[PDB]
Amino acid sequence: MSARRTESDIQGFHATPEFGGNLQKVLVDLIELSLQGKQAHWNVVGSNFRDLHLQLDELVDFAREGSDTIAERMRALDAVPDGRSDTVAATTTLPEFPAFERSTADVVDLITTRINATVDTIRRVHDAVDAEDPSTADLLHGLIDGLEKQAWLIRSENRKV
Amino acid sequence: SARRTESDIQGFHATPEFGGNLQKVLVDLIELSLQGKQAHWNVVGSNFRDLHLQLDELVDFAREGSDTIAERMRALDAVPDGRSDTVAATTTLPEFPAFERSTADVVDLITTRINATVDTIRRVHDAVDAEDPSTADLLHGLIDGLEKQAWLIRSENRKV
Amino acid sequence: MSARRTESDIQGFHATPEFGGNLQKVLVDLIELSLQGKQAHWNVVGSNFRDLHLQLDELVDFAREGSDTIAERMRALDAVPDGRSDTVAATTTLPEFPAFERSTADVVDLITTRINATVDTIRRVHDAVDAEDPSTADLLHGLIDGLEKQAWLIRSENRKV
Amino acid sequence: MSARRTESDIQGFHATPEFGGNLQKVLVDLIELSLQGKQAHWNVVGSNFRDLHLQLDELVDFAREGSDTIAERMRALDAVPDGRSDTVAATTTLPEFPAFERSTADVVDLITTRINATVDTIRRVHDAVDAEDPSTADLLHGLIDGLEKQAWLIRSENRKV
Amino acid sequence: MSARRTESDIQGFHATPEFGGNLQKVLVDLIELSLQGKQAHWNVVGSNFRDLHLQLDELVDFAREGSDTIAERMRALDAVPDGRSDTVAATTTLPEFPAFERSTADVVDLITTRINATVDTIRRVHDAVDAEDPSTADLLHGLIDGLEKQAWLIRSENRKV
Amino acid sequence: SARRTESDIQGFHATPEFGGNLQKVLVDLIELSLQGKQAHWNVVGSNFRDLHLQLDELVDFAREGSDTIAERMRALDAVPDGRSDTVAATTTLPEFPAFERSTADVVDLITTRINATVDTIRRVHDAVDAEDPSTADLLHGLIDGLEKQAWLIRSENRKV
Amino acid sequence: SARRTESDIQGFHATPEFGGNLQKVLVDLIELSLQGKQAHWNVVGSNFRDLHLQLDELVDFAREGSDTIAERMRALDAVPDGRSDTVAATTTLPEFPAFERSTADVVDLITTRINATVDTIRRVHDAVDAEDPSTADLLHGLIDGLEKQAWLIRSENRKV
Amino acid sequence: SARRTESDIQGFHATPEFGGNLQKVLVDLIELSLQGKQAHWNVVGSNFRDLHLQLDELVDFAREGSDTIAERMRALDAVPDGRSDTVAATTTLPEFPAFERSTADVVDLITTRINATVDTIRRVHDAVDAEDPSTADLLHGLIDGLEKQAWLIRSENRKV
Amino acid sequence: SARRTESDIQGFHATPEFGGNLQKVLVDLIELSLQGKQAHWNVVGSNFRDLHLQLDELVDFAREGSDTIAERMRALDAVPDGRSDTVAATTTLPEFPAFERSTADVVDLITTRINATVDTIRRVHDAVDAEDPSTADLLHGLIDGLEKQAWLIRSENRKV
Amino acid sequence: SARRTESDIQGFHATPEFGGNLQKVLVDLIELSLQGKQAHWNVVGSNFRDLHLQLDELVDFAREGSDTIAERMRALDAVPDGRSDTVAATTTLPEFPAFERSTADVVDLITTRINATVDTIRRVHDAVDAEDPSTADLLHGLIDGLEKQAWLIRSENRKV
Amino acid sequence: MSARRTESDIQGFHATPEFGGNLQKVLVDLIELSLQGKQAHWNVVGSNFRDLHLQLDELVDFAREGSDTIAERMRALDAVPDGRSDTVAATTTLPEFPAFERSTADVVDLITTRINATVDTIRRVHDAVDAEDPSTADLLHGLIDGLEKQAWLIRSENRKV
Amino acid sequence: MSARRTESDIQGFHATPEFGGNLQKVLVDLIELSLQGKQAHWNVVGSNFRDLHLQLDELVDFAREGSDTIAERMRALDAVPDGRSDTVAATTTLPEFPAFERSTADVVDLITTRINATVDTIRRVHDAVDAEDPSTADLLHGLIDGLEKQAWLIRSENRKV
Ligand SMILES: [Cl-]
Ligand SMILES: [Cl-]
Ligand SMILES: [Cl-]
Ligand SMILES: [Cl-]
Ligand SMILES: [Fe+2]
Ligand SMILES: [Fe+2]
Ligand SMILES: [Fe+2]
Ligand SMILES: [Fe+2]
Ligand SMILES: [Fe+2]
Ligand SMILES: [Fe+2]
Ligand SMILES: [Fe+2]
Ligand SMILES: [Fe+2]
Ligand SMILES: [Fe+3]
Ligand SMILES: [Fe+3]
Ligand SMILES: [Fe+3]
Ligand SMILES: [Fe+3]
Ligand SMILES: [Fe+3]
Ligand SMILES: [Fe+3]
Ligand SMILES: [Fe+3]
Ligand SMILES: [Fe+3]
Ligand SMILES: [Fe+3]
Ligand SMILES: [Fe+3]
Ligand SMILES: [Fe+3]
Ligand SMILES: [Fe+3]
Ligand SMILES: [Mg+2]
Ligand SMILES: [Mg+2]
Ligand SMILES: [Mg+2]
Ligand SMILES: [Mg+2]
């Protein structure tokens with residue numbers, strides 16, 4: 001006849017503080033990566049300027065989309081993101097991007113390292129995130145895949161022979 | 001040459017339990033889509049337009065979801081049943097009420113029914129994943145998208 | 001201000017209980033049709049699978065747009081639709097769609113019959129709808145036209161000449 | 001040449017003065033509605049501003065397309081529209097829209113009333129239009145349907161249940 | 001199963017021979033119009049060539065969509081269209097389009113007359129069509145409206161005021 | 001830290017004169033749009049189609065213009081009045097005539113009324129620019145686009 | 001300066017034979033388009049939908065083709081005649097039958113009539129090419145596209 | 001004949017002070033984008049959806065703006081700094097508060113932060129305009145677009 | 001403060017065995033694309049058009065898949081080999097037969113070849129998943145998409 | 001097995017005479033584009049708008065054409081020269097007159113200049129075709145497209 | 001009551017000969033830049049060929065759009081542009097582009113200089129244009145901004161460290 | 001009266017075995033080029049990586065479209081293509097692409113040579129194809145033109161001064 005549930009209030013999945021903190025770590029590194037990516041995009045000069053200028057904007061697009069995905073995943077699971085500038089600066093694990101113009105070769109090396117750092121944060125929190133919520137780990141997989149692709153597309157400029 | 005011979009390589013086939021598990025997800029997705037449209041038409045009051053619009057996006061997602069699940073069943077040699085009698089008789093979702101409903105009531109009602117739908121997917125997840133990880137990925141997309149819908153809808157009623 | 005009306009409140013056209021009832025009958029058959037169309041879409045097998053699989057989705061798209069149109073027309077005229085599963089199952093005039101895989105030949109005949117039942121419901125209510133509100137009768141004409149087109153496009157598969 | 005007519009000049013269907021007059025009445029109320037819709041769009045303030053601001057532009061889009069449709073239908077049938085500011089102001093049946101900023105609650109009620117007055121004009125002329133030219137009555141059905149949809153979408157904001 | 005019908009076969013609405021005949025008359029005039037429209041499109045020369053050349057293609061697009069609509073409506077209602085060259089030539093009511101290059105002034109008058117003849121055919125069959133099937137009459141309204149718009153857009157070139 | 005404190009930083013607000021100046025531009029833009037449609041429907045004769053089409057582009061521009069100006073007013077705490085009575089009572093544009101009008105007449109009539117509209121914007125420009133340069137940029141777009149429309153329309157009647 | 005003087009450089013003009021040759025291609029293209037629509041509406045039976053859809057693509061191509069040829073005629077100072085009487089009286093295509101026709105019959109009928117149309121283009125090709133190679137390129141596009149249509153349609157009836 | 005004979009002609013160079021002025025605009029645009037996203041995620045309550053959506057539109061505009069300014073800097077051989085430390089250390093915007101915030105609070109908070117960003121642009125405007133009018137036009141685009149966002153957002157809390 | 005201090009931090013490196021596993025997937029995806037095109041061209045008979053079209057959809061998916069796998073290899077510093085000799089020498093797929101083939105035969109042939117490709121992905125899945133879960137998700141996308149293609153194609157020959 | 005064993009195989013090389021032939025086409029296409037824009041700006045009178053619009057379509061085609069020719073030159077290692085001095089010094093087109101010109105005059109002027117451009121292509125055609133048939137096909141595209149433009153434009157002045 | 005003006009003829013803004021001449025100077029340099037940009041686009045060879053090939057086409061697109069904008073602004077203000085090849089060659093201030101293939105490095109330097117020259121013309125005429133017509137100066141600002149952006153995007157290839 | 005042909009069966013153009021074999025030669029080289037192009041696309045590293053990565057994908061797109069065009073032309077003319085991997089490997093005339101990563105400079109040289117080889121096959125079979133069927137030769141012209149353009153766009157990277 002009927003399999004319908006009777007509750008007037010069915011709660012959603014609530015993330016633990018640890019899980020919330022793990023997604024927060026991913027978030028600040030994705031935002032920092034986005035900010036560094038734009039810095040590089042503006043300030044790269046030299047041989048093959050245009051390709052890097054353009055590829056960096058694609059990296060920024062992906063990182064911005066990723067940061068929105070992570071922050072909104074946090075919101076869906078009743079966690080509260082902090083993407084404010086002071087928090088990002090105080091808590092990012094990425095080495096700082098240097099000031100002023102940088103050569104194409106240096107930008108390639110610098111950004112590759114910073115992508116590598118961002119991915120490392122995602123890989124570090126992965127198993128804990130997966131254990132609590134496999135659906136969030138899938139979002140992490142997309143970020144890993146997308147960012148490591150960016151790393152290859154950027155770094156290959158400096159790879160010799 | 002590493003070429004195989006077999007002129008009849010059969011596809012991966014779902015166990016009856018696996019098919020039954022996807023059938024559970026399917027009816028709740030269809031029921032959610034029907035309830036979402038009902039809410040979409042009959043919601044009234046403060047912030048009507050936002051709710052009206054958001055509910056349709058929920059329905060879009062839930063419909064795409066039901067098709068995905070039903071066709072995954074087909075791919076794995078299982079047979080979906082999305083007929084009205086079956087949905088009404090087997091859905092775990094609390095019945096959505098008839099008639100006009102306030103935006104505040106619709107927010108609470110629909111959030112409960114999304115959560116009910118997610119709960120079904122979360123209930124079958126581990127058994128699905130154990131048999132076929134590729135199908136559990138489809139479940140993850142569903143969980144992610146619906147829990148996003150719950151957040152976007154319920155936030156309307158959130159106080160301070 | 002010459003021809004301007006001075007009423008503070010000007011009320012809209014309100015559907016009679018008979019009118020509301022008549023559109024409700026159309027609504028449940030459109031929704032039932034959509035549900036059966038998907039069932040057929042998923043479970044059809046055999047000769048010319050792909051064409052039928054594709055046409056059935058087009059039928060479903062039209063029936064879904066149709067049900068939304070009718071339900072929203074009800075709302076516009078201060079009537080209240082009921083498109084819930086229990087109501088559709090309990091009140092649809094469509095012959096039940098069978099379970100399990102069905103041959104393309106079977107599906108063509110089954111769906112043609114169910115489309116025709118849906119159109120019949122619309123044709124049955126048409127004159128009473130038209131008498132109260134010509135504008136709504138026009139929406140019914142769209143449905144009759146579009147559904148009868150679907151019936152021709154599907155049924156022609158089984159036609160032997 | 002078997003069934004071919006041999007007339008050098010075959011004249012088109014020409015609207016009667018009554019018909020032309022009736023479409024003119026629809027035209028001025030559609031234009032007045034568009035103008036008031038923009039006024040409301042600009043000057044609405046308060047709770048749920050954005051939704052109302054957006055819906056009012058959709059109303060205006062529909063009313064503008066509607067007025068163009070009516071005026072061009074007049075032209076097609078050898079009638080002459082007058083959509084000039086003085087004429088619209090002097091001959092519209094719509095209650096004047098108030099000046100200054102208006103609350104969202106106020107705007108909902110005000111615009112619902114003005115939409116309803118516009119629809120009333122169309123409903124009043126409908127039968128006389130339909131008697132002379134069924135094809136034009138169909139354009140009126142489109143307007144009635146679309147405007148009553150707009151009224152429902154707007155008015156529902158103020159509905160307390 | 002409460003309100004569900006139990007008929008194995010539910011047949012669709014079938015057009016009478018009179019109805020089928022009436023739509024066939026519309027069909028041949030729409031196709032003749034399309035053919036003449038292309039002839040005019042290609043062979044028009046003189047003052048305001050480009051505008052006429054372009055408008056004639058829009059007329060042809062509408063007439064082609066119209067003929068497809070009518071023929072498919074026939075099919076939907078178990079009637080059989082005949083749009084073959086011999087049939088169109090033998091049974092069209094349109095005055096023959098002249099051969100060779102034609103001035104823009106000449107083309108405006110010629111095409112206006114042929115559009116009007118096409119609309120006349122639709123207007124002549126309208127009431128008999130509407131009496132049997134209101135849904136098809138609505139398709140006729142679309143054709144009347146669209147073709148009379150075309151006539152206005154074309155004929156206005158030759159209007160001296 | 002260079003961070004400011006103030007929890008209530010107010011926006012730039014237009015003087016009454018500034019608001020009045022934008023109101024002047026607004027009514028002429030709306031009136032032009034209404035006259036443009038009137039011409040669009042009622043133009044007849046040689047080169048009807050081009051004029052019919054061009055007039056609609058004029059109307060599109062003038063409507064986008066009126067919205068831009070009215071919303072700029074809103075941004076600066078001014079209140080537009082685009083109602084029919086106000087437009088008829090306060091527009092500086094010579095009245096467009098009723099009834100069918102020849103393409104040659106429509107070209108001359110509409111050119112005059114575009115020029116009237118541009119003249120209003122040119123009349124208020126310096127006072128607008130002195131108070132708010134950002135708003136004068138919107139005026140420049142209007143001047144540029146409308147004077148383009150005048151050229152595209154009037155060239156029809158240009159002899160040799 | 002390598003600038004020429006001539007204030008009246010005339011265009012390439014087609015001989016009467018060339019115009020007559022393009023006229024031949026034109027009527028067969030128009031007739032094919034009319035027969036294609038007839039088949040599109042009246043085809044019934046096994047695989048109706050594919051045939052119904054493919055026939056419309058044939059018609060699209062044939063219509064674009066007829067316009068291309070007729071306008072090429074215009075470019076070269078020739079005058080097309082695509083009127084119904086002329087098409088019926090001068091087309092080389094076997095008459096398409098009235099009434100409902102099976103998909104199998106429609107495949108055979110339409111293939112024959114496409115081949116008839118291609119044959120016309122192939123018949124006039126060398127004479128067209130000798131006078132104007134640029135026009136023969138248009139003929140090649142027609143041959144290529146129609147022979148593709150023939151393959152896509154006839155393959156339905158191909159046994160083993 | 002009128003051709004200049006230098007093998008390399010130099011482009012326009014921004015003074016370092018001009019560069020510093022655009023840098024002030026840049027950091028507040030970036031700060032505003034970051035705060036807008038914070039608000040976009042964390043806003044809850046009555047009319048959540050409209051605010052959530054409008055805040056993304058604000059961020060889109062602010063991100064486009066910061067790109068425009070940074071690339072204008074580069075065109076004139078100034079060197080932007082949009083790094084997190086620099087933005088945090090030098091922005092004039094009041095810090096956005098942590099945690100969930102009501103729609104009413106978000107409206108007032110974001111309006112103030114938009115108004116602060118506009119204030120920076122208005123403050124540097126004249127010094128920028130004096131050196132390079134073309135850059136001032138970009139500033140006008142920002143003032144116009146941001147003040148529009150301020151109106152669109154603050155209107156939610158306006159009581160009349 | 002929390003910033004890491006290495007000038008160069010290394011990314012994730014795939015073991016050569018992991019690389020070899022993706023290489024197995026790659027060659028079968030490329031082989032499947034090549035066979036799918038062969039079938040697409042050479043299929044004849046009843047329901048030709050649907051098969052012709054569906055086979056192109058399969059090829060689109062397989063080509064996108066092989067690109068995804070090859071680029072995942074590159075991301076992790078493995079080196080793909082999609083050259084014709086390598087594909088022919090190392091594919092596990094049964095060879096596709098030459099010449100025209102009936103729609104019924106093509107359905108059975110292509111279903112088997114899809115099933116072989118899926119089998120390869122399923123065979124390497126666990127070893128891939130153990131080293132890099134993110135790559136396994138790409139494998140799941142392929143399994144899901146290919147098994148869908150298998151169902152869509154094989155359904156033609158299913159008799160119920 | 002059938003693989004060629006040269007490490008570098010040379011591509012097809014255009015003779016310098018072939019290069020010079022395409023160069024003749026190039027300068028007249030560029031000249032035509034420049035004159036077409038001149039006419040586009042300066043045309044006045046009866047049916048201004050159609051001419052203004054058609055002239056832009058001509059220019060679009062001529063610009064696409066000149067790019068096609070210049071890039072064909074580069075493909076075959078010829079080196080185009082589209083510089084203003086070279087175009088002015090070597091074009092075969094009669095100079096376009098200065099100042100405003102009536103629509104009737106523009107029609108006749110532009111038709112002649114199109115016809116001159118076509119004449120150049122037709123003049124070099126056979127020498128181009130003899131060396132490289134693939135390039136001649138590009139010439140055919142130009143002849144066809146330009147002769148279409150000639151008909152579309154000149155038809156305005158045709159009296160029948 | 002009424003604020004309507006009474007003139008049957010209201011003239012538009014007419015540019016002085018000096019203003020007309022100033023826009024003419026901008027026009028010939030924009031056209032020359034477009035022609036040189038295509039020359040460079042075709043004939044650039046060497047390291048980073050593709051990026052420059054592509055960026056040069058974007059420069060050409062902008063310069064062509066700019067030349068149309070300036071010429072049409074002239075037309076709007078009753079001035080008469082001259083974009084003919086002989087005039088452009090005789091009156092452009094740009095140094096001539098050299099013949100034959102050029103290296104990527106040389107093309108970067110050459111084109112940067114020619115953009116710089118084009119912008120200089122716009123900057124030279126600016127204040128005079130602005131004094132007479134501020135709305136035209138705004139168009140000049142767009143050209144300056146757009147072209148200096150192109151200069152940066154092109155020149156950065158050759159900028160070292 | 002009537003020019004209609006009387007045959008119930010009109011056959012299409014059938015290609016000779018030689019013609020079929022000539023198109024087969026073009027086909028295997030186009031497929032081989034596509035496979036080598038993707039290999040290069042994945043494995044190119046070094047200075048100007050991105051441009052080559054991207055340009056190679058465009059080459060692949062063109063070659064794949066070309067191979068479909070040739071195979072389908074064969075089908076239209078009753079010939080039977082063989083694009084299977086073993087056939088392509090056994091019968092392609094292209095030198096083999098080397099294994100593993102290759103520098104940008106080496107990839108430019110290698111791919112240019114392989115395009116040159118592919119075009120050479122098309123040029124070798126051209127006159128024979130043209131003699132039998134001029135319409136197919138036109139398709140060959142498009143391939144020659146499109147591929148030689150790719151060759152220029154790729155090779156220009158390595159061309160010095
Ligand atoms: Cl919204
Ligand atoms: Cl036009
Ligand atoms: Cl299909
Ligand atoms: Cl690029
Ligand atoms: Fe995933
Ligand atoms: Fe997983
Ligand atoms: Fe009716
Ligand atoms: Fe209708
Ligand atoms: Fe300014
Ligand atoms: Fe040829
Ligand atoms: Fe501007
Ligand atoms: Fe060609
Ligand atoms: Fe978001
Ligand atoms: Fe589906
Ligand atoms: Fe809806
Ligand atoms: Fe209109
Ligand atoms: Fe059709
Ligand atoms: Fe607006
Ligand atoms: Fe045409
Ligand atoms: Fe940028
Ligand atoms: Fe790729
Ligand atoms: Fe190019
Ligand atoms: Fe232009
Ligand atoms: Fe294909
Ligand atoms: Mg590059
Ligand atoms: Mg809202
Ligand atoms: Mg089929
Ligand atoms: Mg015209």
# chains A, B, ... in the order shown; residues from 1 in each chain; ligands from 1
>>> closest_atom_pairs(of="chain K", to="ligand 25", cutoff="7 Å", atoms="only C-alpha atoms and all ligand atoms", output="Markdown table")
| residue | atom | partner | partner_atom_place_in_ligand_line | distance |
| --- | --- | --- | --- | --- |
| K:48 | CA | ligand 25 | 1 (Mg) | 4.7 |
| K:50 | CA | ligand 25 | 1 (Mg) | 6.1 |
| K:51 | CA | ligand 25 | 1 (Mg) | 4.6 |
>>> interface_residues(of="chain H", to="chain B", cutoff="8 Å", atoms="only C-alpha atoms", output="number ranges by chain")
H: 44-50, 100-102
>>> write_last_selection(atoms="N, CA, C and O atoms", output="PDB file, in the first residue's frame")
ATOM      1  N   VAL H  44      21.989  34.193   4.881  1.00  0.00           N
ATOM      2  CA  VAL H  44      20.822  33.349   5.172  1.00  0.00           C
ATOM      3  C   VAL H  44      19.610  34.220   5.471  1.00  0.00           C
ATOM      4  O   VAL H  44      19.752  35.384   5.826  1.00  0.00           O
ATOM      5  N   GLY H  45      18.422  33.650   5.345  1.00  0.00           N
ATOM      6  CA  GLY H  45      17.212  34.335   5.772  1.00  0.00           C
ATOM      7  C   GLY H  45      16.313  34.747   4.633  1.00  0.00           C
ATOM      8  O   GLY H  45      16.490  34.307   3.492  1.00  0.00           O
ATOM      9  N   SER H  46      15.344  35.586   4.993  1.00  0.00           N
ATOM     10  CA  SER H  46      14.312  36.114   4.102  1.00  0.00           C
ATOM     11  C   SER H  46      14.907  36.686   2.818  1.00  0.00           C
ATOM     12  O   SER H  46      15.758  37.580   2.878  1.00  0.00           O
ATOM     13  N   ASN H  47      14.457  36.171   1.674  1.00  0.00           N
ATOM     14  CA  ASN H  47      14.951  36.561   0.348  1.00  0.00           C
ATOM     15  C   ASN H  47      16.416  36.181   0.098  1.00  0.00           C
ATOM     16  O   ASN H  47      17.153  36.888  -0.600  1.00  0.00           O
ATOM     17  N   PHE H  48      16.823  35.052   0.684  1.00  0.00           N
ATOM     18  CA  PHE H  48      18.156  34.490   0.492  1.00  0.00           C
ATOM     19  C   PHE H  48      18.564  34.448  -0.985  1.00  0.00           C
ATOM     20  O   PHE H  48      19.663  34.871  -1.347  1.00  0.00           O
ATOM     21  N   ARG H  49      17.674  33.917  -1.820  1.00  0.00           N
ATOM     22  CA  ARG H  49      18.031  33.562  -3.176  1.00  0.00           C
ATOM     23  C   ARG H  49      18.408  34.786  -4.016  1.00  0.00           C
ATOM     24  O   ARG H  49      19.445  34.769  -4.688  1.00  0.00           O
ATOM     25  N   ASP H  50      17.590  35.840  -3.949  1.00  0.00           N
ATOM     26  CA  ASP H  50      17.867  37.089  -4.659  1.00  0.00           C
ATOM     27  C   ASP H  50      19.214  37.677  -4.277  1.00  0.00           C
ATOM     28  O   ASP H  50      19.967  38.131  -5.155  1.00  0.00           O
ATOM     29  N   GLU H 100      27.544  32.936   9.444  1.00  0.00           N
ATOM     30  CA  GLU H 100      26.290  33.243   8.744  1.00  0.00           C
ATOM     31  C   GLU H 100      25.800  34.635   9.101  1.00  0.00           C
ATOM     32  O   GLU H 100      25.958  35.078  10.246  1.00  0.00           O
ATOM     33  N   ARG H 101      25.266  35.340   8.104  1.00  0.00           N
ATOM     34  CA  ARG H 101      24.682  36.657   8.322  1.00  0.00           C
ATOM     35  C   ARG H 101      23.319  36.741   7.641  1.00  0.00           C
ATOM     36  O   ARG H 101      23.126  36.232   6.517  1.00  0.00           O
ATOM     37  N   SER H 102      22.386  37.403   8.322  1.00  0.00           N
ATOM     38  CA  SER H 102      21.039  37.601   7.810  1.00  0.00           C
ATOM     39  C   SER H 102      21.075  38.429   6.516  1.00  0.00           C
ATOM     40  O   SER H 102      21.990  39.236   6.297  1.00  0.00           O
TER      41      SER H 102
END
>>> residues_near_ligand(ligand="ligand 15", cutoff="8 Å", atoms="only C-alpha atoms and all ligand atoms", output="PyMOL selection string")
(chain B and resi 37+40-41+52+56) or (chain C and resi 68-69+72)
>>> residues_near_ligand(ligand="ligand 7", cutoff="12 Å", atoms="only C-alpha atoms and all ligand atoms", output="number ranges by chain")
C: 126-127, 129-131, 133-142; D: 126-127, 129-131, 133-142; E: 126-127, 129-131, 133-142
>>> residues_around(residues="region 77-93 of chain L", least_positions_apart="2", cutoff="9 Å", atoms="only C-alpha atoms", output="VMD selection string")
(chain G and resid 147 to 148 151) or (chain I and resid 31 34 to 35 37 to 38 41 to 42 83 to 85 87 to 89 95 to 100) or (chain J and resid 1 to 5) or (chain L and resid 12 to 17 19 to 21 23 to 32 67 70 to 75 95 to 96 117 to 118 121)
>>> select_by_dssp(residues="region 40-147 of chain C", states="strand (DSSP E)", output="PyMOL selection string")
chain C and resi 44-45+102-103
>>> residues_near_ligand(ligand="ligand 18", cutoff="7 Å", atoms="only C-alpha atoms and all ligand atoms", output="PDB file with N, CA and C atoms, in the first residue's frame")
ATOM      1  N   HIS D  41       9.155  49.204 -12.162  1.00  0.00           N
ATOM      2  CA  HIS D  41      10.472  48.564 -12.269  1.00  0.00           C
ATOM      3  C   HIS D  41      11.570  49.455 -11.648  1.00  0.00           C
ATOM      4  N   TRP D  42      11.550  50.743 -11.982  1.00  0.00           N
ATOM      5  CA  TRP D  42      12.554  51.694 -11.501  1.00  0.00           C
ATOM      6  C   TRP D  42      12.385  52.073 -10.033  1.00  0.00           C
ATOM      7  N   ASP D  57      10.112  43.833 -15.442  1.00  0.00           N
ATOM      8  CA  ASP D  57      10.732  43.905 -16.766  1.00  0.00           C
ATOM      9  C   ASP D  57      10.214  42.853 -17.738  1.00  0.00           C
TER      10      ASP D  57
ATOM     11  N   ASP F  67      16.073  53.407 -19.835  1.00  0.00           N
ATOM     12  CA  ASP F  67      16.344  52.546 -18.690  1.00  0.00           C
ATOM     13  C   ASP F  67      17.663  52.905 -18.003  1.00  0.00           C
ATOM     14  N   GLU F  71      17.702  54.376 -14.244  1.00  0.00           N
ATOM     15  CA  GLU F  71      18.434  53.604 -13.237  1.00  0.00           C
ATOM     16  C   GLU F  71      19.650  54.338 -12.674  1.00  0.00           C
TER      17      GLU F  71
END
>>> atom_distance(atom1="CA of residue 106 (chain J)", atom2="CA of residue 106 (chain E)")
24.3 Å
>>> select_by_dssp(residues="region 37-140 of chain L", states="alpha helix (DSSP H)", output="count of residues only")
78
>>> closest_atom_pairs(of="chain G", to="chain L", cutoff="9 Å", atoms="only C-alpha atoms", output="CSV")
residue,atom,partner,partner_atom,distance
G:88,CA,L:2,CA,7.3
G:89,CA,L:2,CA,4.9
G:90,CA,L:3,CA,5.0
G:91,CA,L:3,CA,5.8
G:92,CA,L:4,CA,4.1
G:93,CA,L:4,CA,5.2
G:94,CA,L:5,CA,5.0
G:95,CA,L:4,CA,7.0
G:108,CA,L:9,CA,8.0
G:109,CA,L:8,CA,7.7
G:111,CA,L:10,CA,8.0
G:112,CA,L:10,CA,5.0
G:113,CA,L:10,CA,7.7
G:114,CA,L:12,CA,8.7
G:115,CA,L:12,CA,5.5
G:116,CA,L:10,CA,6.6
G:118,CA,L:12,CA,8.1
G:119,CA,L:12,CA,8.1
G:136,CA,L:135,CA,8.9
G:137,CA,L:138,CA,7.4
G:139,CA,L:135,CA,7.9
G:140,CA,L:135,CA,4.4
G:141,CA,L:135,CA,7.1
G:142,CA,L:135,CA,8.8
G:143,CA,L:135,CA,6.7
G:144,CA,L:135,CA,6.3
G:147,CA,L:76,CA,5.6
G:148,CA,L:76,CA,5.3
G:149,CA,L:76,CA,8.3
G:150,CA,L:76,CA,7.2
G:151,CA,L:76,CA,5.1
G:152,CA,L:76,CA,8.2
>>> decode(residues="region 133-144 of chain I", atoms="C-alpha atoms", output="mmCIF file, in the first residue's frame")
data_model
loop_
_atom_site.group_PDB
_atom_site.id
_atom_site.type_symbol
_atom_site.label_atom_id
_atom_site.label_comp_id
_atom_site.auth_asym_id
_atom_site.auth_seq_id
_atom_site.Cartn_x
_atom_site.Cartn_y
_atom_site.Cartn_z
ATOM 1 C CA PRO I 133 41.277 7.657 -6.541
ATOM 2 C CA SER I 134 40.905 10.783 -8.774
ATOM 3 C CA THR I 135 41.927 8.750 -11.845
ATOM 4 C CA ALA I 136 39.457 5.975 -10.889
ATOM 5 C CA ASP I 137 36.677 8.597 -11.132
ATOM 6 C CA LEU I 138 37.674 9.156 -14.763
ATOM 7 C CA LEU I 139 37.486 5.379 -15.236
ATOM 8 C CA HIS I 140 33.968 5.440 -13.744
ATOM 9 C CA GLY I 141 32.926 8.123 -16.275
ATOM 10 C CA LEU I 142 34.164 5.818 -19.055
ATOM 11 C CA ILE I 143 32.505 2.658 -17.671
ATOM 12 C CA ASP I 144 29.203 4.572 -17.268
#
